[PDB]
Structure formats: structure tokens, C-alpha cells
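**Student:** The structure follows.
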Amino acid sequence: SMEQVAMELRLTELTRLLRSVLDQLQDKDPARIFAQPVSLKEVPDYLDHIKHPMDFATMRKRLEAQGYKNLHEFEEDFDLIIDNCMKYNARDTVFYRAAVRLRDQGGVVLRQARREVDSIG
């Protein structure tokens, strides 16, 4: 139907805007701490601690399959990156501190993204 196409165009454009958001958030991680999944070879107990692992490469795979229906779903995954790190790692670690900085810096980006998503519809 024509309506299905219109909906698919909206999803495509949301995907465009989320790709730009994703790039901007990932620049706030210049150490690449959150770039890839935590290695279960190197952290064999990880899944005992963290039930829903997340990282930027996994988000990018979902994104490119148009797997985010709305900004809320995308933010959920971003928040998992931060929140998982802040539980697994202690406060005095480069990892925890990197997550805090990513959260704080990403807030700004996400605040305007929400306005653009509502504004453009």
C-alpha cells in the first residue's frame, strides 16, 4: 500500500537521524571503551553480572537493519551501555569514569534529538 511506503520512508528518515546521533555519541568515547561487546573470552563471568550487554557496534547493526522504531528504543540501548559499565566497574576505574563522561556529554545530543524527532514528526 501507499501508506506502508509512507511509514517506511518515515522509518528510513528516523534511521538517518539516529545514525547522525549515534556518530555524535560515539565521538564522546574517544578511548573506544564502548565500541565493541565486552569479550566473554577475556571476561568469562560477564553474563553472571550483566544480563543485557550492549555496545556501539551492536547498536549500529540494529540501526542499519532499521531496528529502532522510535528514539525511546535507541536511548534504551545507549543507557544500557552506560548503566552496565557503571555496575560492573568500580567508581575509581577508567571504565566507570568513561561512562560518566559519555552520559554527561551524550545528554546534550539526546536533548536536541528528541526535539528534532518531535518537530519533524
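Letters A, B, ... go to the chains of the C-alpha cells in the order shown; residues in each chain start at 1; ligands are counted from 1 in the same order.
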Which residues come within 10 Å of segment 84-90 of chain A, counting only C-alpha atoms, excluding same-chain residues fewer than 2 positions away, as number ranges by chain?
**Tutor:** A: 33-34, 38, 46, 49-55, 79-82, 92-100
**Student:** Any chance you can output those residues with N, CA, C and O atoms as a short mmCIF file (atom, residue, chain, number, x, y, z; two decimals), in the first residue's frame?
**Tutor:**
```cif
data_model
loop_
_atom_site.label_atom_id
_atom_site.label_comp_id
_atom_site.auth_asym_id
_atom_site.auth_seq_id
_atom_site.Cartn_x
_atom_site.Cartn_y
_atom_site.Cartn_z
N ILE A 33 36.19 2.71 24.47
CA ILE A 33 35.85 1.81 25.56
C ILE A 33 34.54 1.07 25.28
O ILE A 33 34.39 -0.16 25.62
N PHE A 34 33.64 1.76 24.61
CA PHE A 34 32.27 1.19 24.35
C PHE A 34 31.99 0.77 22.90
O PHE A 34 30.86 0.45 22.52
N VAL A 38 31.80 -6.35 25.27
CA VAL A 38 32.72 -6.94 26.25
C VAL A 38 33.00 -8.41 25.81
O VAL A 38 32.07 -9.22 25.50
N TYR A 46 31.12 -12.45 32.66
CA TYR A 46 30.43 -11.14 32.47
C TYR A 46 28.90 -11.31 32.55
O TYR A 46 28.19 -10.48 33.12
N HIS A 49 26.97 -11.14 35.68
CA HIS A 49 26.84 -9.79 36.24
C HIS A 49 25.81 -8.98 35.42
O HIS A 49 24.91 -8.30 35.97
N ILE A 50 25.96 -8.99 34.11
CA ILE A 50 25.23 -8.10 33.20
C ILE A 50 24.33 -8.99 32.31
O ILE A 50 24.79 -9.81 31.54
N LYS A 51 23.03 -8.79 32.49
CA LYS A 51 22.06 -9.60 31.73
C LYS A 51 21.76 -9.17 30.31
O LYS A 51 21.30 -10.02 29.45
N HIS A 52 21.92 -7.88 30.01
CA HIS A 52 21.70 -7.37 28.69
C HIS A 52 22.92 -6.48 28.28
O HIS A 52 22.87 -5.24 28.41
N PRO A 53 23.96 -7.15 27.79
CA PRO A 53 25.14 -6.41 27.30
C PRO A 53 24.78 -5.52 26.12
O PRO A 53 23.86 -5.86 25.31
N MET A 54 25.55 -4.43 25.96
CA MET A 54 25.32 -3.55 24.84
C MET A 54 26.62 -2.82 24.53
O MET A 54 27.47 -2.68 25.40
N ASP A 55 26.73 -2.33 23.32
CA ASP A 55 27.93 -1.60 22.86
C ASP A 55 27.58 -0.89 21.53
O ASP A 55 26.56 -1.21 20.92
N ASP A 79 21.55 3.81 27.07
CA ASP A 79 21.57 3.79 28.54
C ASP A 79 22.13 2.45 29.05
O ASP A 79 22.78 2.48 30.08
N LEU A 80 21.87 1.32 28.37
CA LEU A 80 22.44 0.05 28.74
C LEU A 80 23.96 0.07 28.69
O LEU A 80 24.61 -0.50 29.58
N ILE A 81 24.49 0.72 27.68
CA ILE A 81 25.96 0.82 27.56
C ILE A 81 26.54 1.44 28.86
O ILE A 81 27.49 0.88 29.47
N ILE A 82 25.95 2.57 29.27
CA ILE A 82 26.41 3.34 30.42
C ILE A 82 26.15 2.57 31.70
O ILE A 82 27.03 2.44 32.59
N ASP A 92 36.36 4.04 40.90
CA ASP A 92 37.70 4.52 40.70
C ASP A 92 38.39 4.05 39.39
O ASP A 92 39.64 4.11 39.25
N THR A 93 37.62 3.57 38.42
CA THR A 93 38.21 2.94 37.26
C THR A 93 38.05 3.84 36.08
O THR A 93 37.09 4.65 36.01
N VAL A 94 38.98 3.68 35.13
CA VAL A 94 38.87 4.41 33.86
C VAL A 94 37.58 4.07 33.12
O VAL A 94 36.98 4.91 32.52
N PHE A 95 37.13 2.83 33.22
CA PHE A 95 35.87 2.43 32.62
C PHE A 95 34.66 3.16 33.14
O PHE A 95 33.82 3.69 32.35
N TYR A 96 34.50 3.16 34.46
CA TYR A 96 33.34 3.84 35.10
C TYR A 96 33.38 5.32 34.73
O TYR A 96 32.36 5.95 34.39
N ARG A 97 34.59 5.90 34.86
CA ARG A 97 34.70 7.35 34.63
C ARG A 97 34.35 7.67 33.16
O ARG A 97 33.79 8.75 32.88
N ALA A 98 34.74 6.80 32.26
CA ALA A 98 34.43 7.00 30.82
C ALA A 98 32.90 7.00 30.59
O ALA A 98 32.33 7.76 29.78
N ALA A 99 32.22 6.08 31.29
CA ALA A 99 30.78 6.03 31.20
C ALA A 99 30.12 7.31 31.72
O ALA A 99 29.16 7.81 31.11
N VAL A 100 30.60 7.87 32.85
CA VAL A 100 30.02 9.08 33.37
C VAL A 100 30.14 10.22 32.35
O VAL A 100 29.15 10.98 32.14
#
```
**Student:** Residue 7 of chain A: which residues within 12 Å, counting only C-alpha atoms, same-chain residues fewer than 6 positions away excluded, as a ChimeraX atom specification?
**Tutor:** /A:1,13-14,69,121
**Student:** Find the distance between atom CA of residue 106 of chain A and atom CA of residue 44 of chain A and write it in Å to one decimal.
**Tutor:**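 So the answer is 29.5 Å.
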**Student:** Counting only C-alpha atoms, figure out which residue out of A:118, A:104, A:64, A:76 gets nearest to residue 16 of chain A.
**Tutor:**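 Between A:118, A:104, A:64, A:76, the residue approaching residue 16 of chain A most closely is A:64.
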**Student:** Name the residues of chain A that come out as helix (DSSP H, G or I) in a backbone DSSP run; write them as an mmCIF file with N, CA, C and O atoms, in the first residue's frame.
**Tutor:**
```
data_model
loop_
_atom_site.group_PDB
_atom_site.id
_atom_site.type_symbol
_atom_site.label_atom_id
_atom_site.label_comp_id
_atom_site.auth_asym_id
_atom_site.auth_seq_id
_atom_site.Cartn_x
_atom_site.Cartn_y
_atom_site.Cartn_z
ATOM 1 N N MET A 2 0.233 2.370 -0.384
ATOM 2 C CA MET A 2 0.931 3.614 -0.322
ATOM 3 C C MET A 2 1.217 3.991 1.140
ATOM 4 O O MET A 2 2.256 4.555 1.437
ATOM 5 N N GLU A 3 0.299 3.677 2.060
ATOM 6 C CA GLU A 3 0.507 4.036 3.490
ATOM 7 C C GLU A 3 1.805 3.293 4.037
ATOM 8 O O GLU A 3 2.640 3.886 4.765
ATOM 9 N N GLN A 4 1.952 2.015 3.656
ATOM 10 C CA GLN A 4 3.119 1.197 4.103
ATOM 11 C C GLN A 4 4.386 1.824 3.646
ATOM 12 O O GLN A 4 5.304 2.005 4.437
ATOM 13 N N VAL A 5 4.433 2.245 2.390
ATOM 14 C CA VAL A 5 5.572 3.030 1.870
ATOM 15 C C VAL A 5 5.907 4.317 2.635
ATOM 16 O O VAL A 5 7.114 4.584 2.925
ATOM 17 N N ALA A 6 4.840 5.084 2.951
ATOM 18 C CA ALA A 6 4.969 6.377 3.686
ATOM 19 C C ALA A 6 5.603 6.116 5.059
ATOM 20 O O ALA A 6 6.591 6.798 5.432
ATOM 21 N N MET A 7 5.073 5.096 5.750
ATOM 22 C CA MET A 7 5.603 4.611 7.029
ATOM 23 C C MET A 7 7.073 4.179 6.901
ATOM 24 O O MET A 7 7.951 4.574 7.716
ATOM 25 N N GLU A 8 7.375 3.430 5.843
ATOM 26 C CA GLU A 8 8.750 3.014 5.584
ATOM 27 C C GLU A 8 9.679 4.193 5.275
ATOM 28 O O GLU A 8 10.860 4.196 5.662
ATOM 29 N N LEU A 9 9.180 5.227 4.607
ATOM 30 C CA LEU A 9 10.001 6.423 4.384
ATOM 31 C C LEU A 9 10.336 7.151 5.727
ATOM 32 O O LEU A 9 11.480 7.659 5.897
ATOM 33 N N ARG A 10 9.339 7.259 6.603
ATOM 34 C CA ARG A 10 9.482 7.847 7.979
ATOM 35 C C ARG A 10 10.537 7.059 8.766
ATOM 36 O O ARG A 10 11.426 7.660 9.361
ATOM 37 N N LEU A 11 10.444 5.734 8.736
ATOM 38 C CA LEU A 11 11.442 4.865 9.406
ATOM 39 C C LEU A 11 12.850 5.096 8.846
ATOM 40 O O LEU A 11 13.818 5.210 9.616
ATOM 41 N N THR A 12 12.958 5.243 7.522
ATOM 42 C CA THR A 12 14.203 5.483 6.871
ATOM 43 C C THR A 12 14.774 6.788 7.297
ATOM 44 O O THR A 12 15.991 6.900 7.529
ATOM 45 N N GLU A 13 13.929 7.809 7.377
ATOM 46 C CA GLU A 13 14.419 9.104 7.803
ATOM 47 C C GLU A 13 14.796 9.092 9.319
ATOM 48 O O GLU A 13 15.825 9.685 9.700
ATOM 49 N N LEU A 14 14.034 8.381 10.118
ATOM 50 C CA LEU A 14 14.392 8.251 11.559
ATOM 51 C C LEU A 14 15.772 7.599 11.663
ATOM 52 O O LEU A 14 16.632 8.032 12.471
ATOM 53 N N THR A 15 15.982 6.558 10.833
ATOM 54 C CA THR A 15 17.248 5.844 10.773
ATOM 55 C C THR A 15 18.356 6.778 10.395
ATOM 56 O O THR A 15 19.466 6.696 11.004
ATOM 57 N N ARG A 16 18.115 7.699 9.434
ATOM 58 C CA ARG A 16 19.107 8.715 9.097
ATOM 59 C C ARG A 16 19.452 9.595 10.280
ATOM 60 O O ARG A 16 20.622 9.926 10.494
ATOM 61 N N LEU A 17 18.445 10.035 11.005
ATOM 62 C CA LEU A 17 18.701 10.957 12.116
ATOM 63 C C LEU A 17 19.428 10.190 13.261
ATOM 64 O O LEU A 17 20.380 10.706 13.827
ATOM 65 N N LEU A 18 18.995 8.963 13.540
ATOM 66 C CA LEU A 18 19.670 8.122 14.573
ATOM 67 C C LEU A 18 21.103 7.775 14.189
ATOM 68 O O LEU A 18 21.971 7.669 15.050
ATOM 69 N N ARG A 19 21.399 7.578 12.902
ATOM 70 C CA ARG A 19 22.778 7.368 12.508
ATOM 71 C C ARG A 19 23.638 8.571 12.877
ATOM 72 O O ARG A 19 24.758 8.399 13.356
ATOM 73 N N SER A 20 23.145 9.779 12.606
ATOM 74 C CA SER A 20 23.861 11.003 12.975
ATOM 75 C C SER A 20 24.024 11.120 14.542
ATOM 76 O O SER A 20 25.120 11.458 15.048
ATOM 77 N N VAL A 21 22.944 10.847 15.271
ATOM 78 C CA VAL A 21 23.001 10.836 16.744
ATOM 79 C C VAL A 21 24.071 9.838 17.206
ATOM 80 O O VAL A 21 24.940 10.144 18.087
ATOM 81 N N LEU A 22 24.060 8.658 16.613
ATOM 82 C CA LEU A 22 24.970 7.605 17.034
ATOM 83 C C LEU A 22 26.413 8.038 16.831
ATOM 84 O O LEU A 22 27.306 7.842 17.723
ATOM 85 N N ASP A 23 26.668 8.695 15.686
ATOM 86 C CA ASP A 23 28.019 9.171 15.416
ATOM 87 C C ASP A 23 28.477 10.189 16.402
ATOM 88 O O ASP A 23 29.589 10.114 16.892
ATOM 89 N N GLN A 24 27.584 11.092 16.761
ATOM 90 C CA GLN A 24 27.875 12.126 17.719
ATOM 91 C C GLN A 24 28.135 11.565 19.122
ATOM 92 O O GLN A 24 29.045 12.029 19.828
ATOM 93 N N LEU A 25 27.364 10.565 19.514
ATOM 94 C CA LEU A 25 27.569 9.931 20.850
ATOM 95 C C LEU A 25 28.871 9.173 20.894
ATOM 96 O O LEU A 25 29.650 9.250 21.887
ATOM 97 N N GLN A 26 29.170 8.446 19.836
ATOM 98 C CA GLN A 26 30.366 7.696 19.794
ATOM 99 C C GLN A 26 31.637 8.586 19.769
ATOM 100 O O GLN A 26 32.661 8.194 20.252
ATOM 101 N N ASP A 27 31.548 9.816 19.271
ATOM 102 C CA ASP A 27 32.673 10.737 19.375
ATOM 103 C C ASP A 27 32.966 11.141 20.796
ATOM 104 O O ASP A 27 34.075 11.610 21.076
ATOM 105 N N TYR A 46 31.124 -12.451 32.663
ATOM 106 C CA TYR A 46 30.426 -11.141 32.469
ATOM 107 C C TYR A 46 28.897 -11.311 32.554
ATOM 108 O O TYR A 46 28.193 -10.476 33.118
ATOM 109 N N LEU A 47 28.393 -12.364 31.940
ATOM 110 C CA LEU A 47 26.947 -12.566 31.854
ATOM 111 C C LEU A 47 26.325 -12.993 33.168
ATOM 112 O O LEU A 47 25.109 -12.934 33.254
ATOM 113 N N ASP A 48 27.140 -13.383 34.166
ATOM 114 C CA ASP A 48 26.688 -13.562 35.512
ATOM 115 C C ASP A 48 26.329 -12.206 36.153
ATOM 116 O O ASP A 48 25.534 -12.125 37.083
ATOM 117 N N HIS A 49 26.968 -11.145 35.680
ATOM 118 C CA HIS A 49 26.837 -9.785 36.240
ATOM 119 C C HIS A 49 25.815 -8.984 35.417
ATOM 120 O O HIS A 49 24.912 -8.300 35.973
ATOM 121 N N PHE A 56 28.416 0.023 21.080
ATOM 122 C CA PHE A 56 28.091 0.787 19.895
ATOM 123 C C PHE A 56 28.028 -0.043 18.597
ATOM 124 O O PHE A 56 27.260 0.272 17.663
ATOM 125 N N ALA A 57 28.846 -1.093 18.465
ATOM 126 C CA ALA A 57 28.805 -1.890 17.226
ATOM 127 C C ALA A 57 27.475 -2.657 17.131
ATOM 128 O O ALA A 57 26.875 -2.792 16.078
ATOM 129 N N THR A 58 27.025 -3.174 18.257
ATOM 130 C CA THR A 58 25.751 -3.896 18.316
ATOM 131 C C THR A 58 24.596 -2.902 17.989
ATOM 132 O O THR A 58 23.697 -3.248 17.223
ATOM 133 N N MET A 59 24.652 -1.674 18.509
ATOM 134 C CA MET A 59 23.628 -0.648 18.189
ATOM 135 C C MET A 59 23.625 -0.336 16.679
ATOM 136 O O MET A 59 22.572 -0.245 16.056
ATOM 137 N N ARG A 60 24.811 -0.230 16.105
ATOM 138 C CA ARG A 60 24.936 0.080 14.705
ATOM 139 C C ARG A 60 24.332 -1.040 13.822
ATOM 140 O O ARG A 60 23.672 -0.749 12.834
ATOM 141 N N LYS A 61 24.525 -2.297 14.186
ATOM 142 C CA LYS A 61 23.877 -3.410 13.455
ATOM 143 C C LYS A 61 22.340 -3.288 13.501
ATOM 144 O O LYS A 61 21.669 -3.416 12.473
ATOM 145 N N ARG A 62 21.800 -3.039 14.690
ATOM 146 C CA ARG A 62 20.364 -2.831 14.816
ATOM 147 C C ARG A 62 19.906 -1.629 13.982
ATOM 148 O O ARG A 62 18.941 -1.733 13.205
ATOM 149 N N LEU A 63 20.631 -0.540 14.079
ATOM 150 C CA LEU A 63 20.291 0.665 13.350
ATOM 151 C C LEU A 63 20.169 0.386 11.841
ATOM 152 O O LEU A 63 19.177 0.729 11.234
ATOM 153 N N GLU A 64 21.180 -0.261 11.278
ATOM 154 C CA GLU A 64 21.261 -0.455 9.832
ATOM 155 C C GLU A 64 20.276 -1.478 9.310
ATOM 156 O O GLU A 64 19.956 -1.445 8.128
ATOM 157 N N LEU A 71 12.908 6.916 18.933
ATOM 158 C CA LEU A 71 14.061 7.365 19.726
ATOM 159 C C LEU A 71 14.134 6.690 21.102
ATOM 160 O O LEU A 71 15.256 6.440 21.594
ATOM 161 N N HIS A 72 13.005 6.428 21.744
ATOM 162 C CA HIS A 72 12.992 5.740 23.069
ATOM 163 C C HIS A 72 13.768 4.391 23.022
ATOM 164 O O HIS A 72 14.601 4.113 23.902
ATOM 165 N N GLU A 73 13.514 3.584 22.017
ATOM 166 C CA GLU A 73 14.219 2.277 21.847
ATOM 167 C C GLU A 73 15.770 2.452 21.727
ATOM 168 O O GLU A 73 16.502 1.664 22.281
ATOM 169 N N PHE A 74 16.196 3.463 20.980
ATOM 170 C CA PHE A 74 17.579 3.806 20.778
ATOM 171 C C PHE A 74 18.179 4.280 22.087
ATOM 172 O O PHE A 74 19.264 3.825 22.472
ATOM 173 N N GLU A 75 17.531 5.205 22.743
ATOM 174 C CA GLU A 75 18.007 5.628 24.073
ATOM 175 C C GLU A 75 18.114 4.494 25.098
ATOM 176 O O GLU A 75 19.041 4.527 25.940
ATOM 177 N N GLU A 76 17.196 3.531 25.064
ATOM 178 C CA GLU A 76 17.272 2.387 25.960
ATOM 179 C C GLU A 76 18.623 1.645 25.811
ATOM 180 O O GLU A 76 19.288 1.341 26.840
ATOM 181 N N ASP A 77 19.011 1.413 24.558
ATOM 182 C CA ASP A 77 20.277 0.740 24.243
ATOM 183 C C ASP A 77 21.462 1.616 24.688
ATOM 184 O O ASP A 77 22.432 1.094 25.242
ATOM 185 N N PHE A 78 21.407 2.928 24.462
ATOM 186 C CA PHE A 78 22.519 3.792 24.893
ATOM 187 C C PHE A 78 22.671 3.756 26.412
ATOM 188 O O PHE A 78 23.779 3.642 26.995
ATOM 189 N N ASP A 79 21.550 3.807 27.073
ATOM 190 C CA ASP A 79 21.570 3.787 28.536
ATOM 191 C C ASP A 79 22.126 2.447 29.052
ATOM 192 O O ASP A 79 22.775 2.479 30.079
ATOM 193 N N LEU A 80 21.873 1.321 28.367
ATOM 194 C CA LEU A 80 22.440 0.047 28.744
ATOM 195 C C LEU A 80 23.956 0.065 28.687
ATOM 196 O O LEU A 80 24.610 -0.496 29.579
ATOM 197 N N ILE A 81 24.488 0.720 27.677
ATOM 198 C CA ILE A 81 25.963 0.824 27.564
ATOM 199 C C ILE A 81 26.544 1.436 28.856
ATOM 200 O O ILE A 81 27.493 0.879 29.473
ATOM 201 N N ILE A 82 25.946 2.568 29.265
ATOM 202 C CA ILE A 82 26.408 3.345 30.419
ATOM 203 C C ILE A 82 26.147 2.568 31.698
ATOM 204 O O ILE A 82 27.026 2.440 32.592
ATOM 205 N N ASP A 83 24.894 2.129 31.841
ATOM 206 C CA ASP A 83 24.484 1.554 33.119
ATOM 207 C C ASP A 83 25.190 0.227 33.389
ATOM 208 O O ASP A 83 25.514 -0.073 34.561
ATOM 209 N N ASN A 84 25.427 -0.582 32.377
ATOM 210 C CA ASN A 84 26.129 -1.866 32.518
ATOM 211 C C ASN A 84 27.549 -1.610 33.030
ATOM 212 O O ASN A 84 28.033 -2.220 33.943
ATOM 213 N N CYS A 85 28.181 -0.628 32.425
ATOM 214 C CA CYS A 85 29.584 -0.261 32.793
ATOM 215 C C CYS A 85 29.675 0.210 34.226
ATOM 216 O O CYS A 85 30.650 -0.098 34.951
ATOM 217 N N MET A 86 28.716 1.040 34.651
ATOM 218 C CA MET A 86 28.732 1.621 35.990
ATOM 219 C C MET A 86 28.406 0.592 37.069
ATOM 220 O O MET A 86 28.643 0.846 38.260
ATOM 221 N N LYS A 87 27.809 -0.543 36.687
ATOM 222 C CA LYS A 87 27.600 -1.605 37.666
ATOM 223 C C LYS A 87 28.846 -2.532 37.737
ATOM 224 O O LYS A 87 29.292 -2.794 38.841
ATOM 225 N N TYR A 88 29.359 -2.951 36.589
ATOM 226 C CA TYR A 88 30.444 -3.944 36.517
ATOM 227 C C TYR A 88 31.726 -3.388 37.038
ATOM 228 O O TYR A 88 32.464 -4.045 37.825
ATOM 229 N N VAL A 94 38.978 3.683 35.133
ATOM 230 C CA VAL A 94 38.874 4.412 33.861
ATOM 231 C C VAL A 94 37.584 4.074 33.120
ATOM 232 O O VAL A 94 36.979 4.913 32.519
ATOM 233 N N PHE A 95 37.133 2.826 33.222
ATOM 234 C CA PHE A 95 35.872 2.432 32.615
ATOM 235 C C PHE A 95 34.660 3.158 33.140
ATOM 236 O O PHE A 95 33.820 3.695 32.354
ATOM 237 N N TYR A 96 34.501 3.159 34.455
ATOM 238 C CA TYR A 96 33.340 3.844 35.099
ATOM 239 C C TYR A 96 33.384 5.318 34.729
ATOM 240 O O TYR A 96 32.357 5.946 34.387
ATOM 241 N N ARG A 97 34.591 5.904 34.856
ATOM 242 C CA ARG A 97 34.705 7.347 34.627
ATOM 243 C C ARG A 97 34.351 7.675 33.156
ATOM 244 O O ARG A 97 33.789 8.750 32.880
ATOM 245 N N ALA A 98 34.736 6.798 32.258
ATOM 246 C CA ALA A 98 34.429 6.996 30.820
ATOM 247 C C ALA A 98 32.901 6.998 30.595
ATOM 248 O O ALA A 98 32.333 7.759 29.777
ATOM 249 N N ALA A 99 32.216 6.084 31.289
ATOM 250 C CA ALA A 99 30.776 6.030 31.201
ATOM 251 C C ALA A 99 30.120 7.308 31.716
ATOM 252 O O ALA A 99 29.157 7.814 31.112
ATOM 253 N N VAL A 100 30.603 7.867 32.851
ATOM 254 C CA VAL A 100 30.025 9.076 33.371
ATOM 255 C C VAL A 100 30.141 10.218 32.352
ATOM 256 O O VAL A 100 29.154 10.984 32.142
ATOM 257 N N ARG A 101 31.323 10.323 31.760
ATOM 258 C CA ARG A 101 31.609 11.389 30.801
ATOM 259 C C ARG A 101 30.769 11.258 29.520
ATOM 260 O O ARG A 101 30.188 12.257 29.035
ATOM 261 N N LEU A 102 30.605 10.027 29.080
ATOM 262 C CA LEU A 102 29.721 9.714 27.925
ATOM 263 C C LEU A 102 28.262 10.042 28.219
ATOM 264 O O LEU A 102 27.555 10.662 27.381
ATOM 265 N N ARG A 103 27.785 9.697 29.427
ATOM 266 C CA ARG A 103 26.445 10.028 29.845
ATOM 267 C C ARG A 103 26.233 11.564 29.835
ATOM 268 O O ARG A 103 25.202 12.104 29.296
ATOM 269 N N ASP A 104 27.171 12.262 30.446
ATOM 270 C CA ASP A 104 27.027 13.691 30.628
ATOM 271 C C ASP A 104 27.050 14.412 29.290
ATOM 272 O O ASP A 104 26.133 15.214 28.991
ATOM 273 N N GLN A 105 28.019 14.044 28.467
ATOM 274 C CA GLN A 105 28.138 14.616 27.143
ATOM 275 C C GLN A 105 27.046 14.210 26.179
ATOM 276 O O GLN A 105 26.628 15.030 25.329
ATOM 277 N N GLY A 106 26.579 12.975 26.274
ATOM 278 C CA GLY A 106 25.557 12.480 25.360
ATOM 279 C C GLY A 106 24.207 13.115 25.648
ATOM 280 O O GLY A 106 23.358 13.226 24.734
ATOM 281 N N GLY A 107 23.995 13.533 26.908
ATOM 282 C CA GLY A 107 22.732 14.173 27.342
ATOM 283 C C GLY A 107 22.332 15.321 26.440
ATOM 284 O O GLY A 107 21.176 15.414 26.014
ATOM 285 N N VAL A 108 23.325 16.140 26.105
ATOM 286 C CA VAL A 108 23.176 17.336 25.263
ATOM 287 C C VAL A 108 22.655 16.971 23.862
ATOM 288 O O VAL A 108 21.732 17.587 23.339
ATOM 289 N N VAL A 109 23.271 15.943 23.291
ATOM 290 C CA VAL A 109 22.979 15.429 21.962
ATOM 291 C C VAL A 109 21.568 14.865 21.954
ATOM 292 O O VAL A 109 20.761 15.138 21.056
ATOM 293 N N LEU A 110 21.262 14.058 22.968
ATOM 294 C CA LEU A 110 19.953 13.416 23.053
ATOM 295 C C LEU A 110 18.808 14.399 23.299
ATOM 296 O O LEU A 110 17.691 14.172 22.817
ATOM 297 N N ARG A 111 19.106 15.468 24.026
ATOM 298 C CA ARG A 111 18.105 16.504 24.276
ATOM 299 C C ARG A 111 17.621 17.162 22.959
ATOM 300 O O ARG A 111 16.402 17.335 22.756
ATOM 301 N N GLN A 112 18.549 17.487 22.046
ATOM 302 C CA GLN A 112 18.163 18.095 20.770
ATOM 303 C C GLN A 112 17.567 17.051 19.808
ATOM 304 O O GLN A 112 16.702 17.406 18.986
ATOM 305 N N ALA A 113 18.041 15.805 19.873
ATOM 306 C CA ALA A 113 17.492 14.743 19.056
ATOM 307 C C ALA A 113 16.020 14.565 19.327
ATOM 308 O O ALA A 113 15.251 14.387 18.389
ATOM 309 N N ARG A 114 15.614 14.601 20.591
ATOM 310 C CA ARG A 114 14.216 14.474 20.936
ATOM 311 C C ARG A 114 13.381 15.611 20.327
ATOM 312 O O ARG A 114 12.282 15.370 19.858
ATOM 313 N N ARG A 115 13.880 16.833 20.421
ATOM 314 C CA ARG A 115 13.209 17.968 19.819
ATOM 315 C C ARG A 115 13.058 17.759 18.286
ATOM 316 O O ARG A 115 11.980 18.016 17.774
ATOM 317 N N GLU A 116 14.116 17.293 17.590
ATOM 318 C CA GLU A 116 14.080 17.042 16.116
ATOM 319 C C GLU A 116 13.114 15.928 15.720
ATOM 320 O O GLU A 116 12.402 16.002 14.705
ATOM 321 N N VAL A 117 13.084 14.882 16.528
ATOM 322 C CA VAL A 117 12.173 13.793 16.278
ATOM 323 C C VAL A 117 10.707 14.209 16.390
ATOM 324 O O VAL A 117 9.924 13.872 15.492
ATOM 325 N N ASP A 118 10.352 14.907 17.463
ATOM 326 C CA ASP A 118 9.013 15.523 17.641
ATOM 327 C C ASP A 118 8.698 16.579 16.559
ATOM 328 O O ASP A 118 7.625 16.563 15.939
ATOM 329 N N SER A 119 9.630 17.511 16.375
ATOM 330 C CA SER A 119 9.467 18.597 15.394
ATOM 331 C C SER A 119 9.173 18.060 13.973
ATOM 332 O O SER A 119 8.078 18.290 13.449
ATOM 333 N N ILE A 120 10.124 17.325 13.382
ATOM 334 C CA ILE A 120 9.939 16.685 12.054
ATOM 335 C C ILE A 120 8.846 15.594 12.047
ATOM 336 O O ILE A 120 8.342 15.250 10.979
#
```
**Student:** So how many Å separate atom CA of residue 31 of chain A and atom CA of residue 66 of chain A, to one decimal?
**Tutor:**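 So the two atoms, atom CA of residue 31 of chain A and atom CA of residue 66 of chain A, lie 27.2 Å apart.
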